[PDB]
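Because the Cβ atoms are built from the backbone with ideal geometry, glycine has one as well, and the counts that use them run over all protein chains shown. Derivation of every value follows stated rules applied to the coordinates shown; laboratory data play no part.
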Amino acid sequence: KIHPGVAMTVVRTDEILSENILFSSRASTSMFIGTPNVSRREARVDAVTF
Amino acid sequence: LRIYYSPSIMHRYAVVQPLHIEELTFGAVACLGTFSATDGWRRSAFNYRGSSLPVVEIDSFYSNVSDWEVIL
Amino acid sequence: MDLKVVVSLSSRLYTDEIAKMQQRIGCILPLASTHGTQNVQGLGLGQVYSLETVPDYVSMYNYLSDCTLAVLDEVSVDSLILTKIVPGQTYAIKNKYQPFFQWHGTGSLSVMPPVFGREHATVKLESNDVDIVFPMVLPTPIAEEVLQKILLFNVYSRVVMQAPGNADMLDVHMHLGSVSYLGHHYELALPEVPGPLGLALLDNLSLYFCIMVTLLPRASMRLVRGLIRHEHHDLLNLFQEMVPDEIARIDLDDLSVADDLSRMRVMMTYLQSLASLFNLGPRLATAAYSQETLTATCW
Amino acid sequence: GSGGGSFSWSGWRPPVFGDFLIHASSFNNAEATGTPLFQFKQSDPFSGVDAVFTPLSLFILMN
């Protein structure tokens, strides 16, 4: 426990969970909606995927 | 399959057995077909006469046999 | 039944890259995941082939044989639409490659990592800082020829590592890196140091070879000695009037048809095993072709 | 008349079936109904019955 010739700095990164609040002003984005689609695929021996 | 059988060939071909023309062939690999990936293997008990066996079961199989391929 | 994949880009790309990709319509490329929505990372052959890294080709064949293949169908500012190739379908397919070779319509095509070049094959997307690499497709004979070129160059770059002079490596570069097609020569980019998976494949080649070399039939050796001593054939052009020294030492034993026959049986049992290993890539069989359209009906 | 125009079902192929004739002792009557099977060719000419095995009988045969 002798002090060496040189000194040192120690750096670390820390994570903090945080519950945030988001405000949005009215009419800030225009959205265009499309018609939904349904297709089928992966026809396999016992099942179908949609 | 080569590296999965490496220790067994290392043991068998070794001092225990020398070579001869008809003994060189070691393993055979044949395909049985395709099965839906990401499902996996359900583990089930197969019960006969009050005795069980752990059995892997594979759903949605598609049978397709292939020829034998020689591995050594 | 319905085969369609849309790939969503987070940020819109510039005009230069939309033009460069619209040149690229009708391209075969692998994606990793089979879903309607794919991210831009899993797209293409990029994430295994890096600018800073030494090129390893067998690993790219390995990655490509597993990743699902799709055909470029539509290029937009935000979204890329690509159709998926299911194992059991027929596909009208288009040929426009820059290193183009002529197509028969007779023989299956094959897919391979971009051996010819990196720059003319790549597309950079600095809007989303990602690089897309289009693999190269070829008729099967030139594919197998290029593969043989690459593996033999691996072995001989390894061996001439301990060799005397520059002229020897210069002879190696002639007719190994270069593919000579009718009317042109083409320069494959070759690694200076092949270290990964070159071993893992050439070693299995060596196992098969050292197994086969014990059980050769002698009658073939005696026949070759007689024929190169008396007649001259184009397959016998290699051996001059000189006959090799190995054959003169192996031949001396007489002939017994039973042993040669059993050796032939075992050698065939191993040749069929050897044939499976040379592919290392997806093979797409072709049935019909139009030279005026550069369009095949692959399968 | 309306049907027949599907022209496939994603390439659907009906299963091919195989029907073997077995001795009463070789194949145990209780099995998992999904077990893989194996036919061993014999030598007798113009035969009428052929053998079959499951992985368990295949194990017992090899001791």
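Just one of A:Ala27, A:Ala7 is in a loop (DSSP other than H, G, I, E, B) and over 30 Å from the mean Cα position of the chain (by Cα); which is it?
The unique qualifying residue is A:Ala7.
I need the full set of residues from the stretch C:223-242 which are surrounded by fewer than 16 Cβ atoms within 10 Å (Cβ to Cβ), within 27 Å of C:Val266 (Cα to Cα) and of a type outside the set (A, V, I, L, M, F, W, C), in order please. The answer is C:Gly226, and nothing else. Selection of strands (runs of 3 or more DSSP E) fully inside the stretch C:105-162 by the criterion of at least 1 residues being closer than 19 Å to C:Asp66 by Cα returns C:109-112, C:130-133, C:136-139. The set of residues from the stretch C:209-249 being more than 20 Å from B:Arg2 (Cβ to Cβ), under 29 Å from the mean Cα position of the chain (by Cα) and not charged (D, E, K, R) comprises C:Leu235, C:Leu236, C:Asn237, C:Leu238. Can you confirm whether the stretch C:106-118 contains a residue that is touching a helix residue (DSSP H, G or I) at 6+ places or on another chain (Cβ under 6 Å) and more than 23 Å from C:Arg283 (Cα to Cα)? There is no residue in the stretch C:106-118 that is touching a helix residue (DSSP H, G or I) at 6+ places or on another chain (Cβ under 6 Å) and more than 23 Å from C:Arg283 (Cα to Cα). The criterion of at least 2 residues that are touching an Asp or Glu at 6+ places or on another chain (Cβ under 9 Å) and of a type in the set (A, V, I, L, M) is met by the following strands (runs of 3 or more DSSP E) wholly inside chain B: B:27-29.
State which residue is farthest from C:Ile132 (Cα to Cα) when the search covers only the stretch C:33-60 and only residues that are under 20 Å from the mean Cα position of the chain (by Cα) and of a type in the set (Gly, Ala, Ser). This residue is C:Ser59. Taking the stretch C:75-96 as the range and being surrounded by 15 or more Cβ atoms within 10 Å (Cβ to Cβ) and under 16 Å from C:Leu64 (Cβ atoms) as the test, the residues that pass are C:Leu82, C:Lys84, C:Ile85. Is it fair to say C:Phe100 is part of a loop (DSSP other than H, G, I, E, B), among the hydrophobic types (A, V, I, L, M, F, W, C) and under 18 Å from the mean Cα position of the chain (by Cα)? Yes; evaluated as a whole, the condition is true for this residue. Every condition in (1) out of contact with any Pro (no Cβ under 8 Å at 6 or more places or on another chain); (2) within 12 Å of chain B (Cβ to nearest Cβ) holds for C:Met264 except the one numbered (1). Within the stretch C:276-293, the presence of at least one residue that is over 15 Å from C:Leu216 (Cβ atoms) and of a type in the set (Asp, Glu) is confirmed. C:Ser206 meets each of the listed conditions (1) of a type in the set (S, T, N, Q); (2) within 26 Å of B:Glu23 (Cα to Cα); (3) over 30 Å from the mean Cα position of the chain (by Cα) apart from (3). Of all residues in the stretch D:13-63, those that are under 14 Å from the mean Cα position of the chain (by Cα) and among the basic types (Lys, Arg) total 1. Evaluating B:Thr38 against the criteria (1) farther than 28 Å from D:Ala30 by Cα; (2) without any contact (Cβ under 8 Å) to a residue 24 or more places away in the chain; (3) away from chain A (no Cβ under 14 Å); (4) among the hydroxyl-bearing types (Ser, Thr, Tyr) leaves one unmet condition, (3). Between D:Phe17, D:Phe59, the distinction of being exposed (fewer than 10 other Cβ atoms within 10 Å of the Cβ), among the hydrophobic types (A, V, I, L, M, F, W, C) and more than 14 Å from chain A (Cβ to nearest Cβ) belongs to D:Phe17 only. Pull up the stretch C:110-121, narrow it to residues that are crowded, with 18+ Cβ neighbours inside 10 Å and either without any contact (Cβ under 8 Å) to a residue 60 or more places away in the chain or touching a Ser or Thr at 6+ places or on another chain (Cβ under 6 Å) (or both), then point me to the one that is nearest to C:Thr295 (Cα to Cα). The extreme case among them is C:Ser110.
From the list B:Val15, B:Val55, pick out the single residue that is surrounded by fewer than 10 Cβ atoms within 10 Å (Cβ to Cβ), more than 10 Å from chain C (Cβ to nearest Cβ) and of a type in the set (A, V, I, L, M).
Details: B:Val55 fails: surrounded by fewer than 10 Cβ atoms within 10 Å (Cβ to Cβ).
Of B:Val15, B:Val55, the one residue that is surrounded by fewer than 10 Cβ atoms within 10 Å (Cβ to Cβ), more than 10 Å from chain C (Cβ to nearest Cβ) and of a type in the set (A, V, I, L, M) is B:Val15.
Among the conditions (1) among the small types (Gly, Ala, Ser); (2) more than 25 Å from C:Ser11 (Cα to Cα); (3) surrounded by 14 or more Cβ atoms within 10 Å (Cβ to Cβ), the only one that C:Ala70 does not satisfy is (2). Against the test of being among the hydroxyl-bearing types (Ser, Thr, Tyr), exposed (fewer than 10 other Cβ atoms within 10 Å of the Cβ) and within 22 Å of B:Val65 (Cα to Cα), the options D:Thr33, D:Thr54 yield a single qualifying residue, D:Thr33. Which members of the stretch C:24-71 meet the condition of being touching a residue at least 40 places away in the same chain (Cβ under 8 Å) and of a type in the set (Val, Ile, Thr)? Across the stretch C:24-71, the qualifying residues are C:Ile25, C:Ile28, C:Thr34, C:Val40, C:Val54, C:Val58, C:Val71. Filtering the stretch C:77-98 to residues that are away from chain D (no Cβ under 14 Å) and without any contact (Cβ under 8 Å) to a residue 24 or more places away in the chain leaves only C:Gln98. For residues in the stretch C:127-152 being over 30 Å from C:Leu13 (Cα atoms) and touching a residue at least 40 places away in the same chain (Cβ under 8 Å), which is farthest from the chain's Cα centre (by Cα)? Ranking the candidates gives C:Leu151 first. Taken over the stretch B:18-38, the residue count meeting the criterion of being surrounded by fewer than 12 Cβ atoms within 10 Å (Cβ to Cβ), of a type outside the set (A, V, I, L, M, F, W, C) and more than 28 Å from C:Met268 (Cα to Cα) is 1.
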